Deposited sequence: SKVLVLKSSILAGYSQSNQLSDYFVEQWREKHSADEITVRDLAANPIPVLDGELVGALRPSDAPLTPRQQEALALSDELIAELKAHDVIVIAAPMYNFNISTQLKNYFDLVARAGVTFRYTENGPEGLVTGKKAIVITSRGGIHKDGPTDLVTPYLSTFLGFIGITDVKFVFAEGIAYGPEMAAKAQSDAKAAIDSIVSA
């Protein structure tokens, strides 16, 4: 099997979600050792903002963007397990992750319109979302990130999604420790499945 890991934090080596993603990769290498793992850091290697010119896809800029979209989509379709690091910034996902989504959602490519509604074309995937927050939002009205990810990933065909939460990072060393340890335990559950 092939694992794709998508990093999206702007906090680099101090990122909670990157730390957890790195733990996931270490554990996967140990316990599913046949598997190939690809790590794409959407902060280290940013994806452009979808603007009028890019959606309008040609200008050299439009051709580059189309090529990139194509690369990202081919990479997504080429992996079996998709790990998405989704830190919350201002009640949204990071813009780094969003830009990725805006180039991967493409009619006729990652979803198609049918008589019954749109249907996703990225099928047979298993996703794991590692989502870090300073506060505590899980199962509450201020967590729009979780249902949005479920909705967006479902739309492109990725309906099997497991969420790993690291919440309360901002509430002191103990709460932060608890967030890390609970997330690592959830990851270990998944890895050993």
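> Which runs of the deposited chain sequence never show up in the coordinates?
Gap vs deposited seq: just 58-64.
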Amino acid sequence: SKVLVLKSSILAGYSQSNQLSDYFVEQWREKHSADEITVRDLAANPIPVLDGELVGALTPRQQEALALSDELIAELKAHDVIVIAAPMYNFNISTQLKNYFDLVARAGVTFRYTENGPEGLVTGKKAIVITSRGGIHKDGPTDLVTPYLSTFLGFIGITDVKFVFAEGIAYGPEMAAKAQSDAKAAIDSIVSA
From here on, numbers count along this sequence of modelled residues.
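The term rigid core refers to the maximal set of C-alpha atoms that superpose within 1.5 Å between the two forms.
> Once the rigid core is matched, which of the two stretches, 123-131 or 28-36, lies farther off on average in 6 other deposited structures of this protein by C-alpha?
Of the two stretches, the larger average C-alpha offset in 6 other deposited structures of this protein falls on 28-36.
> Tell me which stretch has the larger mean Cα B-factor in this entry, 62-70 or 36-44.
Comparing averages over the C-alpha atoms only gives 62-70.
> Looking only at CA atoms, which has the higher mean B factor in the entry: 170-178 or 10-18?
It is 170-178 that shows the higher mean C-alpha B-factor.
> Lowest, middle or highest third: where is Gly140 by C-alpha B factor in its chain?
Highest third, going by the recorded CA B-factors of the chain.
> Based on the entry's values, in what third of the chain does the Cα temperature factor of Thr110 lie: lowest, middle or highest?
Answer is middle: the recorded C-alpha B-factor places it there.
> Thinking about Cα B factors across the chain, which third does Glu119 belong to?
CA B-factor rank for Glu119: highest third.
> Taking the values exactly as deposited, rank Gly157 by C-alpha B-factor within its chain and report the matching third: lowest, middle or highest.
Middle third by C-alpha B-factor.
> Could you tell me which third, lowest, middle or highest, the C-alpha B-factor of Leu54 occupies within its chain?
Highest third - that is where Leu54 ends up once the chain's C-alpha B-factors are sorted.
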